[PDB]
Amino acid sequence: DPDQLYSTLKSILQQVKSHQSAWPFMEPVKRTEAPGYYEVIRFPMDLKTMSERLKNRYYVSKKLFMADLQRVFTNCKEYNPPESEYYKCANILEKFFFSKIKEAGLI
């Protein structure tokens, strides 16, 4: 069922975006704010871009959606220090993310 998947992913993504630790991940990181970011990170990802991909019917499987969302987190942990606010936010939001996937029974 394609619109089953779509509705579930929309719901999940929207809850992730509304989470209080989502703020670092809402938009493409700007080169002005992140020194040499696009030299280090070859596959940049963010929640805006994920919203568009969703709207564009790109997420035809769980696996694709997970991959982009995990990329958000791995980009962040690759680039930032472990005790930085952004790294902490990545793990809080990841925990939340997994709890919402488990809730939905996405399999």
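In this text, the rigid core denotes the largest set of C-alpha atoms whose superposition between the two forms falls within 1.5 Å. When you see a residue number, it is the position in the sequence shown, counting from 1.
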More variable segment, 70-78 or 29-37 [Cα RMS over structures in 7 other deposited structures of this protein, core-superposed]: 29-37
For the stretches 67-75 and 28-36, which has the higher mean C-alpha B-factor as given in the deposited record? 28-36
If you average the CA temperature factors over each stretch, which comes out higher, 42-50 or 55-63? 55-63
The third of the chain into which the C-alpha temperature factor of residue 94 falls is the lowest
